[PDB]
Amino acid sequence: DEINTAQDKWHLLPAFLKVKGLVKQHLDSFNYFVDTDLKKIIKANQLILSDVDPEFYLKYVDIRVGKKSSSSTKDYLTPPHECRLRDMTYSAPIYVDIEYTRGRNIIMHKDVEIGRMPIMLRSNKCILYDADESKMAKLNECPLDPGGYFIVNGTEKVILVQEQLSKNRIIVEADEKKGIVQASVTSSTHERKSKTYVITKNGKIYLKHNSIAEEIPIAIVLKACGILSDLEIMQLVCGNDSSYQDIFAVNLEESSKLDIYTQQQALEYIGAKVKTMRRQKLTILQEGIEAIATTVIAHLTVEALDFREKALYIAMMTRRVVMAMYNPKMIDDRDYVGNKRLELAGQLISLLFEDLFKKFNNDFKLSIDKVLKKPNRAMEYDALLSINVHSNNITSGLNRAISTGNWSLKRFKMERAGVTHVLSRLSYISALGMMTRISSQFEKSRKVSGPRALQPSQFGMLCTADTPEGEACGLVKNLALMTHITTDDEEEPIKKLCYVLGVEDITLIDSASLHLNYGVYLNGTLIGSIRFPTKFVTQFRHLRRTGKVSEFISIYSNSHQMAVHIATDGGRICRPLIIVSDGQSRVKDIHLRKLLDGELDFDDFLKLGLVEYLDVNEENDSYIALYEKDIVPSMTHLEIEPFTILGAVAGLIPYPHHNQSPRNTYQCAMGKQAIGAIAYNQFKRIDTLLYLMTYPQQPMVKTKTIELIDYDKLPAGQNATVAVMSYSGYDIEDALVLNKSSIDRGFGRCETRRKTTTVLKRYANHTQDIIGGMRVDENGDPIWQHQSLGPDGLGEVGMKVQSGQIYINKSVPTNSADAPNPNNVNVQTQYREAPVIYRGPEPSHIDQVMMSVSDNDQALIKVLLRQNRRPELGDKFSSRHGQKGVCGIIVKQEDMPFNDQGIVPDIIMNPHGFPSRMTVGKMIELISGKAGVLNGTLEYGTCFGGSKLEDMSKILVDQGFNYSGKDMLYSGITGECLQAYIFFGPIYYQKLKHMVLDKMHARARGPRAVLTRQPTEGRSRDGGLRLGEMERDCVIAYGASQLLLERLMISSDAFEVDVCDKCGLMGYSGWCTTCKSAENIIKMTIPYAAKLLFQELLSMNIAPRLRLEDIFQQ
Amino acid sequence: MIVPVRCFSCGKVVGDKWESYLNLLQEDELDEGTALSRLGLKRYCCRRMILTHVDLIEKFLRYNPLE
Amino acid sequence: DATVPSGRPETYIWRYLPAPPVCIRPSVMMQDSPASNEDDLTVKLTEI
Amino acid sequence: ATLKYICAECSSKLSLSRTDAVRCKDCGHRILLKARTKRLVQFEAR
Amino acid sequence: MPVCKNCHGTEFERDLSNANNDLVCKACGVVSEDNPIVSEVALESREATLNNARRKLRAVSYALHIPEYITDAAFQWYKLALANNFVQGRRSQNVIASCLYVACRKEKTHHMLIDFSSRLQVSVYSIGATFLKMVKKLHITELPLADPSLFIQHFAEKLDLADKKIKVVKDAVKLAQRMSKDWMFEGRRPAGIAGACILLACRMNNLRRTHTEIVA
Ligand SMILES: [Zn+2]
Ligand SMILES: [Zn+2]
Ligand SMILES: [Zn+2]
Ligand SMILES: [Zn+2]
């Protein structure tokens, strides 16, 4: 069997994804953190000595997590799932080593805990890492759990991969008015800093830099950066000839009216407008006063020592803005992916860690001193063991951070909020749905038109099938199935290599540059402007694919602008695909048999120089094919598979290429809200609100992208025999109609699971809160409002509870919270019993009730309740395909369409959805379904592929069915033939969240807020609903007075006020109290919000004093 | 979980026809369908279940309090 | 308008600052032990 | 099995005193359950 | 606490069923509270010193891995010992020390005065002295009598080894118990006889663990 070059491309991706897991993004960055950066952070500060006793020092040397130099991995740890029950945090301890100084000639050292890092599941350091299917069982946890999510305080959450604007690169924004601001916001460690640069008026262009004061003419700074000839500046920043002559000439002009020869003036004129030096180290107020700032303000990008590099840099940045001033367009738009870099969980931790650590020292220099103030004998005694005293600023400070998600960074003086989100298990898809989700940010307001829509440059490197409604501050996206997020590589080696290949250093480059070839930029910095752009590139790219400079460090030509960028920056989006070199592809079909034979795998191609990750810009500079059927000798790359364009969730849609997009977007949005198997540990785990389905089923048609994510071993949905027919009237608009004697046969039956945790916690009074109970009046039975409990006084297993019952009886001590004293003759006794009750619309059951204790040693009780919801009227069902709906009438059995083989279509759907949704991919999924089930093979279909439709029919017709699904049906409510045919075959309907029995909500008169008194918000609390400023107008338009007054007055807050006619003000009962009367006052009624405004006003100094008049006699 | 004991529509007894199915496939290497069709499911309402329906209950029974 | 009740442009600068009733300033529920959550204005004027 | 409740990992039936410890007896594992009641319970099938 | 204005009923049920949240008595039917209004959402010499005591308190608190609980338990004890002005002129550590100590003593946990000092260079006498003095200047109950039966737990934790120690635990426990019964327990520093019991049961379980490794 010769392997088929057209198809067998497909066998790449699983091996790709088998080796390098689906989520490396959270995994690998976290590994690279715990291994590399931790070693680097202390390598930055290994020395702390406060100023006293010149002989002392504390030298950090090693960092490790969970290895004290005993065993390979940790000698002791806590199983993660077990940690998920106790509300603990899953952690491995930090270990350090410090050569230090205590006494005479000593310099001792050790291995010490400074605290506990909360390591991530399925990392390098987790217990789960490489455990096989059995150790999985002993650790009582799911094999299929994606992993890559932390767990703290018993919940888990996640570090949501957080997209960020390009940092330390060039950006140019044009605009109406203005004059085209440019910006480079550049940060390395110390001092994030922005430099904005723009025209002020009429060709006159300045640096606005909040570091410096304001507005330096570009010719001045350009001088002070070392290019003094000033009439070659035109050759540099302007160009050779062009039109830039006059356009730029204005700023070069009035540079003359002020100064010249920067060695004094311009260098000084800079330092004249600087801010203060912050007192000390002002001594360098000089002519070189500001030369520091010229060298370093934000430009730690370049900085360095002589002035030419930075000079020509700022120059080539000035060129592009005057180019924009010549014509619009010709400007980088802040939009497309190429200028966006995303930063995984590894770095986002590091920036928090090295802060908390820097604090740990900054206070530890203090706690080292209160020893050294008072010369108590000879003071040594290591001073060390106080570090444990001083710790958990690193641990607890880190826990509280990762749980809450408010990152306080004073080092960059910038505080982000809302990073983490609770990992949401409603299903198996959502479990990786909070993974592979990119949180967009920055980009100022909500309506701003620039950073919103979806750009075509996004092909295959970000999911095109969903970009949902979750905006808030910024839009949310998803990665593809294949994205390898660029890590950092290195800088100097690729540099001096670029010299080796024949560039020439910026110094020797003279005058004309923009003339010669294009130029070459390294991370957005000019170096060599090599001759012969083409051969340079092709050579270089040939190295990237073989022996050096691997993965990223990509390269691409640019025509319009003359340059060739070379970027090594990390945190950048990539994707694999196959090279077609010269004539045709590099695969040659022999490597694939050389592959699935079992000895090739992936990352082996990269050494072989076959496939390589691309870069957004780079693929722009490439030419790419799709199907091997298209290769032209002019081509460069071919994608390995087309359907990798759709994201993780998007894979569930069969035949996405037969729909329009909005049905996929609504799908990819909702599918993660379906109900499913969760994980194999499903029953052993107790989570806050967890759904799950009784009898799940594989989706009949599989998109090949399911098998990769193992959705078929955890299917969410039912596979339901459906017929598209308008039926009863209850069908109509989107509304499904189900089937009794069918739903009763175990269709879509839901189990729900909740828990209420109650931590029994002792009080400073040496007093414990107790679980006793079980009153049992009148000889032998517990009272009903209690009953149902047990001898233990705690909820018991498997007993129906509803409404007033008590499923955990919690008594608290009364006087405990008071101030205890060294006096108790007898009683700690008296208890206030505050049992928690199960208030619910339907009876339910208690199954598994846990007693445990957290790390701080306090009783902890967690019980979980289950009720199995029958898919009652008013439930959301969805068709996998973009449909949505709610059951209408539930027909019995005998009614509803039937037929030749008497099958009674289970769900009976509606036709009218199809035309104006225009989704035919479903109506293909049907035929594929009836097809597959009759042969017995699950019949694949997949994005841009799958089982062709035209050979389906030949599977049916021979087996006795119409070549389309349309087949006669006998209306069961009559028994005649349906005068038109009906079209049906099994579709896959996945029952969703938003069960009605939750949502149905009603109120007579409920609680009131102490504050306003209006009805309190939402369900839970209680009920009551909302007439908004928007809606109230409605009843005005009708002109209904007594209704409105009957609504916004009597029904909501009906309130009496006693006002004094004279000097109108409010008073209680009899008195006016501004004038003692109890005489001139008249009672009347008024909305309580209105009174509340008369006080909240009248408190603030103002008084609407009420006049009055009687109603009658005109 | 376990194979349901009727259809969701046609109402034919099923759960028995699971074990004999899976046994019939394991031994006697044979296709999907021709197993089923000669196992007595000629309808498709009946058939999907035995054909669909991952059997999880084993992948659950890995974890059990008793052990 | 000088109706001789509001005493002409004197009042407009604070002299006696009236304290709003506690019903405008609901003391937040005890919420589990004698630490009893404040409300913000009462903290303000209680500083005044 | 017979008496009040069970560990998670040890899987050994443990009857607990009043206000004693959250430890199990056999193993050092901590968390535990409350084993199922012996009392009759009524379900309807439908 | 109130009474039915009609039946003069002495007992009330709140009714949470229909989301009225009524409050009515079985013998009346008349409500009492409808509409259950329910809420939602500096510089002083002594108070400052109390804050400082909190800080030195928290500091030494988790260092010994003691309950967040017991600290605010003992902070009150400090506030009490301030009243008799016992805490004025004596080295602050020795005060916050015992003030933190007697608390976890009364709760009957594993923490130990000899263990409690080594946070400092100091002598397990000065601390002991100050401690026993604040026993005079206050008046304190008998309860804090520790036994090895508590300490053998935590001592067993750092012994490394394996599950067998738990067995050893019961092997040690009933040992020490009889040792208390056999009458040669009294008047001795408890931590020592505890470690002796551990060495015994460990050897009883046939392992090799050196004396140094025990006294650590
Ligand atoms: Zn009045
Ligand atoms: Zn059937
Ligand atoms: Zn056990
Ligand atoms: Zn009454």
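So for chain A, numbering is Swiss-Prot's, and the shown residues are 36-1149, in order.
Backbone N, Cα and C define each Cβ position, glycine as well.
Record features (Swiss-Prot):
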BINDING   A:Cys1095, A:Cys1098, A:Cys1107, A:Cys1110  Zn(2+) binding site
ZN_FING   A:1095-1110  zinc finger
Within the same chain, the residues at least 6 apart in sequence whose Cβ is under 8 angstroms from that of A:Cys1098 (Zn(2+) binding site) are A:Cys1107, A:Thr1109, A:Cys1110, A:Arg1140
If you count the C-beta atoms lying within 10 Å of each candidate's C-beta, which of the binding-site residues A:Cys1107, A:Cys1110 ends up with the smallest number?
-> A:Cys1110
Non-site residues, in chain order, whose CB comes within 8 A of the mean position of the CB atoms of A:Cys1095, A:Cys1098, A:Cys1107, A:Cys1110 at Zn(2+) | A:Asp1096, A:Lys1097, A:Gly1099, A:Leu1100, A:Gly1102, A:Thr1108, A:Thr1109, A:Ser1112, A:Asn1115, A:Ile1116
A:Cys1095 (Zn(2+) binding site) CB neighbourhood, other CB atoms within 10 A | 23
What three-state class does DSSP give A:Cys1095 (Zn(2+) binding site)?
-> strand
